[PDB]
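Below you'll find the structure, written out as structure tokens, and then a few comments.
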Amino acid sequence: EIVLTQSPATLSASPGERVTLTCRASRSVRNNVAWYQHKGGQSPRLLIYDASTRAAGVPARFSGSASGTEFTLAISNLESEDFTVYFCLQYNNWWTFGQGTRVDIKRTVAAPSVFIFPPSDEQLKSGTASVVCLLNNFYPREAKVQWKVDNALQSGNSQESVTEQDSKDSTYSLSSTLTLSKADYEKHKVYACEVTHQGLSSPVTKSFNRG
Amino acid sequence: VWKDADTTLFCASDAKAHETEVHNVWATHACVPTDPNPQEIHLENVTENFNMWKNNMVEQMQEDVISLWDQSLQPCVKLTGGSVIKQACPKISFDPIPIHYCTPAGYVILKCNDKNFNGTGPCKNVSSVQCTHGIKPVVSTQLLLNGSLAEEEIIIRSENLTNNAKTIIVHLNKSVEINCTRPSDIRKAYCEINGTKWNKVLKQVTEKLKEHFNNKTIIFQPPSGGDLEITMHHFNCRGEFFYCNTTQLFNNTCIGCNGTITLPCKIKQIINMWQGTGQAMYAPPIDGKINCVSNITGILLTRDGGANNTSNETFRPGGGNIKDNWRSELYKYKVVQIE
Amino acid sequence: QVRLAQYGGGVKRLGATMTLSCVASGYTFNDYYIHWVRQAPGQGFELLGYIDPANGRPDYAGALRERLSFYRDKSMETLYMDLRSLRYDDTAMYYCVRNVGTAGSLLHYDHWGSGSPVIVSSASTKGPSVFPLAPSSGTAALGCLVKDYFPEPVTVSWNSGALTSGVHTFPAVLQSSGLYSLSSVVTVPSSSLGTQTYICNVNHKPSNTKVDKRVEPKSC
Ligand SMILES: *[C@@H]1O[C@H](CO)[C@@H](O)[C@H](O)[C@H]1NC(C)=O
Ligand SMILES: *[C@@H]1O[C@H](CO)[C@@H](O)[C@H](O)[C@H]1NC(C)=O
Ligand SMILES: *[C@@H]1O[C@H](CO)[C@@H](O)[C@H](O)[C@H]1NC(C)=O
Ligand SMILES: *[C@@H]1O[C@H](CO)[C@@H](O)[C@H](O)[C@H]1NC(C)=O
Ligand SMILES: *[C@@H]1O[C@H](CO)[C@@H](O)[C@H](O)[C@H]1NC(C)=O
Ligand SMILES: *[C@@H]1O[C@H](CO)[C@@H](O)[C@H](O)[C@H]1NC(C)=O
Ligand SMILES: *[C@@H]1O[C@H](CO)[C@@H](O)[C@H](O)[C@H]1NC(C)=O
Ligand SMILES: *[C@@H]1O[C@H](CO)[C@@H](O)[C@H](O)[C@H]1NC(C)=O
Ligand SMILES: *[C@@H]1O[C@H](CO)[C@@H](O)[C@H](O)[C@H]1NC(C)=O
Ligand SMILES: *[C@@H]1O[C@H](CO)[C@@H](O)[C@H](O)[C@H]1NC(C)=O
Ligand SMILES: *[C@@H]1O[C@H](CO)[C@@H](O)[C@H](O)[C@H]1NC(C)=O
Ligand SMILES: *[C@@H]1O[C@H](CO)[C@@H](O)[C@H](O)[C@H]1NC(C)=O
């Protein structure tokens with residue numbers, strides 16, 4: 001099954017600039033590739049097919065091109081409506097999709113303020129324990145948040161929620177929630193979230209101990 | 001020098017002015033008599049491109065056969081569009097005749113004579129004709145009947161712009177007889193096929209499919225679903241609409257069993273129309289023995305596109321798009337405009 | 001001019017069968033294959049399979065084939081999809097999509113339907129539990145964890161709307177239990193944690209519950 005890797009996940013851009021989004025296929029899909037715009041609250045809409053053929057009704061600032069297994073959507077003059085999600089499709093062998101790229105408003109780099117919150121006693125009496133890690137007002141969007149308890153990496157037991165890019169300061173904020181049973185929670189002492197972000201010279205760890 | 005062009009063809013036939021059979025009646029008023037000795041000029045050292053999937057001759061034959069069925073079939077009830085049509089429905093005489101397609105002045109038909117030509121791409125041995133060969137407008141699904149045969153190898157025809165194909169046409173180089181009978185429940189019928197002859201040909205088909213799809217294991221499965229016209233082998237015989245179950249025809253344990261393969265069939269009065277316009281109802285079958293012997297000359301297949309692949313490709317009997325039937329006979333022809 | 005109007009989404013119970021429909025208009029119905037594709041939260045799109053509306057021939061993604069069925073009502077230009085034995089990870093926005101083809105091949109997608117949100121949860125209407133996120137012992141952060149309510153939406157405010165600067169309320173997530181959760185957080189001056197009262201007001205209209213939670217620093 002052909003894999004389409006879209007890069008990057010989030011693209012920093014400014015109104016009026018030229019922006020390029022890439023899609024690399026895991027093997028040859030001929031020129032059978034298409035690009036779609038997906039505005040919030042609406043269904044996807046076709047922009048380009050056959051790598052480079054603009055669909056009917058698409059404005060001229062959108063164009064596409066190809067080179068072996070790499071495919072490029074270009075948006076030459078970013079209008080306000082264009083800061084949104086784009087994804088690619090290959091239709092050479094079944095139909096598969098890239099994960100999507102979001103174009104957002106560029107601003108200066110802002111490292112996240114990181115906070116960690118233990119489970120309240122009220123919840124801990126209910127039988128579950130939620131540990132929350134907050135990343136506040138950062139830019140750009142890409143951030144890695146790893147949970148470690150007694151230095152053991154966690155996996156499959158956390159969820160991340162993100163705000164929309166702020167309309168006034170253009171920053172994001174993010175929560176990562178690690179959920180354990182009460183029993184599993186009380187068997188360990190050190191809870192930590194490690195945050196990697198290009199605004200931090202080295203990854204930042206915020207930790208607490210039970211009690 | 002000549003260029004590709006589309007123009008209105010006319011038809012020719014050996015139709016009989018005294019015959020009551022409806023193909024004959026249609027051809028008598030729509031075609032001219034067949035040309036005595038059709039000349040064929042061979043084009044020395046000429047290489048020409050053909051594309052059986054973008055050949056306007058196919059749309060023109062589709063129109064003729066639509067016209068023929070519109071004029072000559074008589075369903076008792078027609079549920080086309082949103083309303084019903086009630087008229088008389090006597091039993092008709094029905095047996096397709098060969099139809100030649102011909103070009104007017106200033107045009108010619110180029111014919112590809114490479115025996116292994118797959119349908120799309122260059123042809124190194126080209127000739128010009130005035131008319132096609134005689135093509136019987138047989139409307140069927142799953143199996144192609146009474147057509148012409150490929151002359152050397154079995155041929156797998158597919159447009160191949162993507163791997164996501166609609167229809168794959170297999171063109172056989174040896175015909176296999178299929179003998180269907182409603183003996184004298186009046187709708188119960190059956191088709192007999194020499195299994196030894198069929199299973200050898202189906203093995204060669206698999207071998208060529210293997211060649212075409214990267215040496216993977218070839219598997220046949222029953223149709224995934226849809227209308228009875230495509231989940232069954234559907235065809236017309238003496239004016240009655242047959243529906244035959246082909247499960248036993250594509251038996252996997254029998255390829256890589258001898259004797260007569262008997263497929264169960266039903267005659268149905270209420271059909272879905274292949275023209276794509278609603279449904280129709282015909283009278284119950286005529287009395288007496290109803291029998292049609294036909295040559296299987298091709299297979300219509302569909303390949304599953306969403307399965308885990310590495311080792312197996314799975315094909316399922318297909319059809320339903322009747323332009324595919326005409327395409328399996330017109331693949332070797334194209335119209336050019338002579339200056 | 002072309003429309004693919006979708007119906008049938010909403011709350012489906014876990015292990016149930018759902019049926020989605022798609023009313024096509026504005027084009028020759030027989031000439032275009034129709035695909036069913038879904039997007040689960042946080043994931044890219046995924047094709048479930050397609051149907052040829054002329055004759056009803058379906059093709060299916062291999063991992064879901066056994067639980068899917070594609071069919072149609074030709075007379076009514078309506079396409080249907082069944083997904084059987086619903087699971088938590090069948091939650092997704094479901095789309096019917098028109099596929100461009102040629103005489104022999106199927107190609108790109110050119111019109112996407114209006115979309116059907118499907119939520120797979122057997123939960124009945126339940127009000128949220130509200131737990132504090134206590135500020136750590138210049139700038140401090142505090143918040144409220146709003147766990148285990150159904151259905152959406154919940155409303156959160158702080159000090160009855162008096163505190164709006166520095167507040168961030170995160171989008172709810174459906175957990176594997178069938179219930180939603182989210183957090184609201186605000187950053188305040190660390191100099192104020194000894195005199196200011198911080199109360200988050202959680203309002204859940206489907207259950208008529210209004211919760212006010214004092215968020216204080218923790219100590220013995
Ligand atoms: C046939 O045509 C080719 C051009 O494709 C030419 O090179 C070749 O010499 C020709 N042969 C003869 C016998 O005319
Ligand atoms: C080429 O085409 C002619 C018909 O014009 C046919 O008789 C012949 O067998 C074909 N093959 C070769 C090798 O000439
Ligand atoms: C048919 O053969 C031509 C080469 O002349 C090739 O380009 C095309 O892909 C083939 N089509 C098939 C194998 O379906
Ligand atoms: C059926 O096949 C035989 C032998 O292959 C052939 O002589 C006959 O013309 C075929 N019949 C039709 C209707 O094509
Ligand atoms: C038909 O072609 C196949 C190759 O696909 C060959 O093995 C077989 O012998 C041919 N049969 C006849 C009767 O020519
Ligand atoms: C299909 O067409 C492609 C054209 O890019 C060609 O390379 C290939 O050989 C053909 N056949 C198959 C099986 O892909
Ligand atoms: C077809 O089958 C019927 C009944 O089984 C039989 O009478 C007839 O002779 C058969 N015809 C051929 C050509 O096998
Ligand atoms: C396919 O496999 C056969 C042996 O089973 C081998 O002889 C042949 O060369 C292979 N062809 C391709 C195209 O891999
Ligand atoms: C064909 O026959 C098999 C059993 O022989 C049956 O399971 C299948 O449902 C039949 N197909 C149709 C379309 O009735
Ligand atoms: C294949 O044929 C045999 C008899 O020759 C029959 O018993 C069997 O049911 C058929 N189907 C399969 C899948 O084996
Ligand atoms: C089927 O064909 C074989 C050879 O192709 C022949 O020997 C046999 O008599 C035919 N009829 C049967 C097996 O009923
Ligand atoms: C094929 O031709 C034979 C006579 O050559 C005829 O009896 C039979 O009905 C035809 N088959 C179809 C499906 O028209």
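Some observations on this one:
- Region C:176-201 - residue that is more than 14 Å from chain A (Cβ to nearest Cβ) and among the β-branched types (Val, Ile, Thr) and, of those, surrounded by the fewest Cβ atoms within 10 Å (Cβ to Cβ): C:195
- Of residues in region C:145-168 being closer than 27 Å to residue C:45 by Cα and surrounded by 18 or more Cβ atoms within 10 Å (Cβ to Cβ), the one nearest to the chain's Cα centre (by Cα): C:151
- Close contacts from region B:281-301, counting a first residue that is within 16 Å of ligand 10 (Cβ to nearest atom) and a second that is hydrophobic (A, V, I, L, M, F, W, C) and not in a strand (DSSP E or B), with Cβ to Cβ under 8 Å and a gap of 6+ residues or different chains, come to none at all.
- Restricted to strands (runs of 3 or more DSSP E) entirely inside region B:1-113, those with at least 1 residues that are farther than 22 Å from residue B:145 by Cα, over 26 Å from the mean Cα position of the chain (by Cα) and among the hydroxyl-bearing types (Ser, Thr, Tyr) are B:107-112.
- Filtering B:248, B:275 for residues that are within 14 Å of chain C (Cβ to nearest Cβ) and away from ligand 4 (no atom under 16 Å from the Cβ) leaves a single hit, B:275.
Conditions (1) buried (at least 17 other Cβ atoms within 10 Å of the Cβ); (2) closer than 28 Å to residue C:116 by Cα; (3) among the basic types (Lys, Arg), marked per residue:
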residue	(1), (2), (3)
A:15	no, no, no
A:28	no, no, no
A:60	no, no, no
A:66	yes, no, no
A:77	no, no, no
A:83	yes, yes, no
A:110	yes, no, no
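- Taken over region B:238-274, the residue count meeting the criterion of being of a type in the set (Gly, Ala, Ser), surrounded by 19 or more Cβ atoms within 10 Å (Cβ to Cβ) and either more than 14 Å from ligand 12 (Cβ to nearest atom) or part of a strand (DSSP E or B) (or both) is 0.
- Test: residue in region B:132-155 that is polar (S, T, N, Q), away from ligand 3 (no atom under 16 Å from the Cβ) and touching a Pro at 6+ places or on another chain (Cβ under 6 Å): yes
- Output for region B:120-134, where each listed residue is surrounded by fewer than 21 Cβ atoms within 10 Å (Cβ to Cβ), away from chain C (no Cβ under 13 Å) and under 30 Å from residue A:31 (Cβ atoms): B:121, B:122, B:123, B:124
- Restricting region B:278-303 to residues that are within 14 Å of chain C (Cβ to nearest Cβ) and under 20 Å from the mean Cα position of the chain (by Cα), the residue that is farthest from residue B:225 (Cα to Cα): B:300
- Flag for residue B:151 being within 16 Å of ligand 4 (Cβ to nearest atom) and in a loop (DSSP other than H, G, I, E, B): yes
- Strands (runs of 3 or more DSSP E) wholly inside region B:156-227 containing at least 3 residues that are over 23 Å from residue B:121 (Cα atoms) and within 15 Å of ligand 5 (Cβ to nearest atom): B:168-182
- Count of residues meeting criterion [within 14 Å of another protein chain (Cβ to nearest Cβ) and touching a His at 6+ places or on another chain (Cβ under 7 Å)] in region B:135-170: 5
- Some residue of region B:53-74 being touching a strand residue (DSSP E or B) at 6+ places or on another chain (Cβ under 8 Å) and either within 16 Å of ligand 2 (Cβ to nearest atom) or among the small types (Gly, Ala, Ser) (or both): no
- Among the conditions (1) away from chain C (no Cβ under 14 Å); (2) surrounded by 19 or more Cβ atoms within 10 Å (Cβ to Cβ); (3) within 16 Å of ligand 10 (Cβ to nearest atom), the only one that residue B:197 does not satisfy is (2).
- Residue list for region A:89-140, restricted to those being hydroxyl-bearing (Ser, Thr, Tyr), assigned to a strand (DSSP E or B) and facing chain C (nearest Cβ under 10 Å): A:96, A:113, A:128, A:130
Each row is one residue, and each column tells you yes or no for (1) more than 8 Å from every other protein chain (Cβ to nearest Cβ); (2) in a strand (DSSP E or B); (3) of a type in the set (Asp, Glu); (4) buried (at least 19 other Cβ atoms within 10 Å of the Cβ).
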residue: C:47; (1), (2), (3), (4): no, yes, no, yes
residue: C:50; (1), (2), (3), (4): yes, yes, no, yes
residue: C:59; (1), (2), (3), (4): no, yes, yes, yes
residue: C:81; (1), (2), (3), (4): yes, yes, no, yes
residue: C:108; (1), (2), (3), (4): no, yes, no, yes
residue: C:118; (1), (2), (3), (4): yes, yes, no, yes
residue: C:143; (1), (2), (3), (4): no, yes, no, yes
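- Of all the listed residues (B:202, B:172), the sole one being under 25 Å from residue B:54 (Cβ atoms) and within 16 Å of ligand 11 (Cβ to nearest atom) is B:172.
- Scope region A:144-169; condition away from chain C (no Cβ under 14 Å) and surrounded by 13 or more Cβ atoms within 10 Å (Cβ to Cβ); matching residues: A:146, A:147, A:148, A:149, A:154
- Residues of region A:10-58 classified as at the interface with another protein chain (Cβ under 9 Å from one of its Cβ atoms), over 24 Å from residue C:2 (Cα atoms) and either touching a helix residue (DSSP H, G or I) at 6+ places or on another chain (Cβ under 7 Å) or of a type in the set (D, E, K, R) (or both), total: 1
- A residue that is of a type in the set (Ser, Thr, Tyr) and assigned to a strand (DSSP E or B) can be found somewhere in region B:329-339.
- Among the residues examined, residue B:192 qualifies as touching a strand residue (DSSP E or B) at 6+ places or on another chain (Cβ under 7 Å) and within 19 Å of residue B:243 (Cβ to Cβ).
- Annotation note: of B:97, B:109, B:135, the sole residue that is touching a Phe, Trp or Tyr at 6+ places or on another chain (Cβ under 8 Å) and either of a type outside the set (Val, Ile, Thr) or closer than 30 Å to residue C:55 by Cβ (or both) is B:135.
Note that we place each Cβ from the backbone using ideal geometry, even for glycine, and neighbour counts take in every protein chain shown. No lab work stands behind these numbers, since they all come straight from the coordinates.
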